[PDB]
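Chemist: Before anything else, here's the structure in question.
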Amino acid sequence: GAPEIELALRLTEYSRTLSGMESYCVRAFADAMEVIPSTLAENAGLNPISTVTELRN
Amino acid sequence: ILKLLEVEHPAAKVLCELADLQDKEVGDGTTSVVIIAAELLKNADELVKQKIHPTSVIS
Amino acid sequence: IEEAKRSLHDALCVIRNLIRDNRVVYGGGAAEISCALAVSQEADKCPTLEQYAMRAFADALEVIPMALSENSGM
């Protein structure tokens, strides 16, 4: 799920690069990748909230 | 008794089984291993409820 | 007077806030977006949990003209 969080980081900015009425779309889209490892960083225990924060960074 | 007892819930399901699994191996630590799961299930009870993903503490 | 008075006054107030330091700055989403564009794209430069705060804060920098846009009709 790093490529989830990895590219979740990016496509947002690239969504934001798109502008248009779908920039907010594609960014929301791009975000969704983060929750998969969140639940994973959740289910494996402790803190998903932190996990994807630094990771996407 | 657990065997003459007739298990209502999938929880006590394994209890009668694990106590017997303990009992099949050897006759002691058997009536206890029933409690000790629940006794740990009481230890991690509020833990799981507190901040704790038990995956941490169970490992 | 509910129009003319405070119009002259908020002119009088902004006119002070220039005649003191006259700073000609531009609103209407043109600052609102680009402030966010900086902030939001800078929001990921702090790997602290508030990196989330930093991100969702910036589109609030953009939220003002969003409303003006329906007011404009766009």
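As shown in the structure tokens, the chain order sets the letters A, B, ...; within each chain, residues go from 1, and ligands are also counted from 1 in the order they appear.
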Give me, as a list in words, the contact residues of chain A against chain C at a cut-off of 12 Å, counting only C-alpha atoms.
Modeler: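 The selection requested is residues 8, 9, 10, 11, 12, 13, 14, 15, 16, 17, 19, 21, 23, 24, 27, 28, 31, 34, 47, 48, 49, 50, 51, 52, 53, 54, 55, 56 and 57 of chain A.
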Chemist: Next, the residues of the selection above should be written as a PDB file, in the first residue's frame with C-alpha atoms.
Modeler:
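Output below, filename again_18.pdb:
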```
ATOM      1  CA  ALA A   8      -2.125   9.289  -3.465  1.00  0.00           C
ATOM      2  CA  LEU A   9       0.270  12.085  -2.518  1.00  0.00           C
ATOM      3  CA  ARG A  10       1.125  12.853  -6.110  1.00  0.00           C
ATOM      4  CA  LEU A  11      -2.022  12.615  -8.226  1.00  0.00           C
ATOM      5  CA  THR A  12      -3.607  15.173  -5.899  1.00  0.00           C
ATOM      6  CA  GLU A  13      -0.982  17.737  -6.877  1.00  0.00           C
ATOM      7  CA  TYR A  14      -1.343  16.533 -10.465  1.00  0.00           C
ATOM      8  CA  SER A  15      -5.103  16.740 -10.072  1.00  0.00           C
ATOM      9  CA  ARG A  16      -4.437  20.231  -8.756  1.00  0.00           C
ATOM     10  CA  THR A  17      -2.273  20.605 -11.858  1.00  0.00           C
ATOM     11  CA  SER A  19      -7.416  22.585 -12.673  1.00  0.00           C
ATOM     12  CA  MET A  21     -13.929  21.225 -12.489  1.00  0.00           C
ATOM     13  CA  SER A  23      -9.200  18.918 -10.183  1.00  0.00           C
ATOM     14  CA  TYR A  24     -11.210  18.695  -6.974  1.00  0.00           C
ATOM     15  CA  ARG A  27      -7.686  15.040  -5.984  1.00  0.00           C
ATOM     16  CA  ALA A  28     -10.503  13.429  -4.017  1.00  0.00           C
ATOM     17  CA  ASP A  31      -6.812  10.768  -1.844  1.00  0.00           C
ATOM     18  CA  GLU A  34      -4.505   6.613   1.368  1.00  0.00           C
ATOM     19  CA  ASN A  47      -1.592   4.416  14.325  1.00  0.00           C
ATOM     20  CA  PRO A  48      -2.761   4.618  10.694  1.00  0.00           C
ATOM     21  CA  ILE A  49      -3.455   8.299  11.294  1.00  0.00           C
ATOM     22  CA  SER A  50       0.292   8.885  11.555  1.00  0.00           C
ATOM     23  CA  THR A  51       1.364   6.218   9.073  1.00  0.00           C
ATOM     24  CA  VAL A  52       0.063   7.779   5.848  1.00  0.00           C
ATOM     25  CA  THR A  53       0.835  11.332   7.041  1.00  0.00           C
ATOM     26  CA  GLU A  54       4.602  10.942   6.926  1.00  0.00           C
ATOM     27  CA  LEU A  55       4.561   8.284   4.195  1.00  0.00           C
ATOM     28  CA  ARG A  56       2.846  10.406   1.543  1.00  0.00           C
ATOM     29  CA  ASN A  57       5.393  13.014   2.604  1.00  0.00           C
TER      30      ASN A  57
END
```
Chemist: If you take only C-alpha atoms and a cut-off of 10 Å, which residues of chain B touch chain A, and what are their nearest atom pairs and distances in Å to one decimal, in chain and number order, as a Markdown table?
Modeler:
```
| residue | atom | partner | partner_atom | distance |
| --- | --- | --- | --- | --- |
| B:51 | CA | A:46 | CA | 8.0 |
| B:52 | CA | A:46 | CA | 6.8 |
| B:53 | CA | A:45 | CA | 4.8 |
| B:54 | CA | A:45 | CA | 7.1 |
| B:55 | CA | A:45 | CA | 5.6 |
| B:56 | CA | A:45 | CA | 5.9 |
| B:57 | CA | A:45 | CA | 9.3 |
```
Chemist: For the selection just defined, write its residues with N, CA, C and O atoms to a file, as a PDB file, in the first residue's frame.
Modeler:
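Here's the written file selection_23.pdb:
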```pdb
ATOM      1  N   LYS B  51      -7.013   2.641  23.704  1.00  0.00           N
ATOM      2  CA  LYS B  51      -6.487   3.041  22.406  1.00  0.00           C
ATOM      3  C   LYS B  51      -6.085   1.832  21.572  1.00  0.00           C
ATOM      4  O   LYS B  51      -5.736   1.968  20.395  1.00  0.00           O
ATOM      5  N   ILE B  52      -6.139   0.647  22.169  1.00  0.00           N
ATOM      6  CA  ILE B  52      -5.234  -0.440  21.814  1.00  0.00           C
ATOM      7  C   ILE B  52      -5.809  -1.238  20.655  1.00  0.00           C
ATOM      8  O   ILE B  52      -6.912  -1.786  20.754  1.00  0.00           O
ATOM      9  N   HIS B  53      -5.053  -1.323  19.568  1.00  0.00           N
ATOM     10  CA  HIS B  53      -5.180  -2.490  18.716  1.00  0.00           C
ATOM     11  C   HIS B  53      -4.496  -3.668  19.396  1.00  0.00           C
ATOM     12  O   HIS B  53      -3.273  -3.653  19.588  1.00  0.00           O
ATOM     13  N   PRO B  54      -5.248  -4.694  19.776  1.00  0.00           N
ATOM     14  CA  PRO B  54      -4.649  -5.799  20.530  1.00  0.00           C
ATOM     15  C   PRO B  54      -3.552  -6.510  19.775  1.00  0.00           C
ATOM     16  O   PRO B  54      -2.714  -7.173  20.401  1.00  0.00           O
ATOM     17  N   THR B  55      -3.535  -6.386  18.444  1.00  0.00           N
ATOM     18  CA  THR B  55      -2.455  -6.953  17.643  1.00  0.00           C
ATOM     19  C   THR B  55      -1.099  -6.609  18.236  1.00  0.00           C
ATOM     20  O   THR B  55      -0.193  -7.450  18.273  1.00  0.00           O
ATOM     21  N   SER B  56      -0.944  -5.369  18.698  1.00  0.00           N
ATOM     22  CA  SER B  56       0.242  -4.991  19.453  1.00  0.00           C
ATOM     23  C   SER B  56       0.432  -5.871  20.679  1.00  0.00           C
ATOM     24  O   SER B  56       1.407  -6.624  20.754  1.00  0.00           O
ATOM     25  N   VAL B  57      -0.493  -5.806  21.635  1.00  0.00           N
ATOM     26  CA  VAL B  57      -0.274  -6.460  22.917  1.00  0.00           C
ATOM     27  C   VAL B  57      -0.394  -7.975  22.802  1.00  0.00           C
ATOM     28  O   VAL B  57       0.217  -8.711  23.584  1.00  0.00           O
TER      29      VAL B  57
END
```
Chemist: Might you pull out every residue within 10 Å of residue 35 (chain B), with only C-alpha atoms counted and same-chain residues fewer than 5 positions away left off, and present them as a ChimeraX atom specification?
Modeler: /B:15,19,30,40-42
Chemist: Selected residues, N, CA and C atoms, written as a PDB file, in the first residue's frame, please.
Modeler:
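Output file selection.pdb is given in full below:
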```
ATOM      1  N   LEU B  15     -13.792 -22.832  23.780  1.00  0.00           N
ATOM      2  CA  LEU B  15     -13.426 -23.095  25.169  1.00  0.00           C
ATOM      3  C   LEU B  15     -13.585 -24.560  25.537  1.00  0.00           C
ATOM      4  N   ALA B  19     -10.140 -26.407  26.036  1.00  0.00           N
ATOM      5  CA  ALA B  19     -10.006 -27.155  27.280  1.00  0.00           C
ATOM      6  C   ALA B  19      -9.844 -28.638  26.996  1.00  0.00           C
ATOM      7  N   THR B  30      -6.598 -27.510  32.048  1.00  0.00           N
ATOM      8  CA  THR B  30      -7.744 -27.693  31.167  1.00  0.00           C
ATOM      9  C   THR B  30      -8.939 -26.849  31.579  1.00  0.00           C
ATOM     10  N   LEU B  40      -7.369 -13.293  29.950  1.00  0.00           N
ATOM     11  CA  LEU B  40      -6.712 -12.398  29.003  1.00  0.00           C
ATOM     12  C   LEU B  40      -7.735 -11.549  28.260  1.00  0.00           C
ATOM     13  N   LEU B  41      -8.866 -12.152  27.881  1.00  0.00           N
ATOM     14  CA  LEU B  41      -9.927 -11.384  27.236  1.00  0.00           C
ATOM     15  C   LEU B  41     -10.453 -10.292  28.154  1.00  0.00           C
ATOM     16  N   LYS B  42     -10.267 -10.448  29.467  1.00  0.00           N
ATOM     17  CA  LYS B  42     -10.530  -9.340  30.379  1.00  0.00           C
ATOM     18  C   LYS B  42      -9.346  -8.381  30.443  1.00  0.00           C
TER      19      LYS B  42
END
```
Chemist: Report as a ChimeraX atom specification all protein, DNA and RNA residues lying within 12 Å of residue 32 (chain B), evaluated on only C-alpha atoms, omitting residues in the same chain fewer than 5 positions from it.
Modeler: /B:2,15-16,18-20,22-23,27,37-40
Chemist: Would you save the residues from that selection as a JSON list (two decimals), in the first residue's frame, using C-alpha atoms?
Modeler:
```json
[["chain", "number", "residue", "atom", "x", "y", "z"],
["B", 2, "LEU", "CA", -18.16, -28.32, 29.36],
["B", 15, "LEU", "CA", -13.43, -23.09, 25.17],
["B", 16, "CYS", "CA", -14.96, -26.55, 25.54],
["B", 18, "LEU", "CA", -9.49, -25.88, 23.74],
["B", 19, "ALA", "CA", -10.01, -27.15, 27.28],
["B", 20, "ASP", "CA", -10.45, -30.55, 25.65],
["B", 22, "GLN", "CA", -5.56, -29.14, 26.46],
["B", 23, "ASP", "CA", -7.28, -32.14, 28.08],
["B", 27, "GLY", "CA", -5.64, -33.62, 31.96],
["B", 37, "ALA", "CA", -8.55, -16.84, 27.59],
["B", 38, "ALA", "CA", -11.38, -14.86, 29.18],
["B", 39, "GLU", "CA", -8.87, -13.76, 31.82],
["B", 40, "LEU", "CA", -6.71, -12.40, 29.00]]
```
Chemist: Run DSSP on the backbone and grab whatever in chain A lands in alpha helix (DSSP H); send it over as JSON, numbers by chain.
Modeler: {"A": [2, 3, 4, 5, 6, 7, 8, 9, 10, 11, 12, 13, 14, 15, 16, 17, 18, 23, 24, 25, 26, 27, 28, 29, 30, 31, 32, 35, 36, 37, 38, 39, 40, 41, 42, 43, 48, 49, 50, 51, 52, 53, 54, 55, 56]}
Chemist: Report, in Å with one decimal, the straight-line distance from CA of residue 35 (chain C) to CA of residue 25 (chain A).
Modeler: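 If I compute the distance from CA of residue 35 (chain C) to CA of residue 25 (chain A), I get 20.0 Å.
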Chemist: Measure the distance from CA of residue 9 (chain C) to CA of residue 22 (chain C) in Å and round it to one decimal.
Modeler: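 These two atoms are separated by 17.2 Å.
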Chemist: Report as a list in words all protein, DNA and RNA residues lying within 9 Å of residue 63 (chain C), evaluated on only C-alpha atoms, omitting residues in the same chain fewer than 5 positions from it.
Modeler: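 So, after excluding close chain neighbours, the residues are residues 29, 32, 33 and 58 of chain C.
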Chemist: So the first atom is CA of residue 15 (chain C) and the second is CA of residue 28 (chain C); what is the distance between them in Å, to one decimal place?
Modeler: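 Those two atoms sit 19.6 Å apart.
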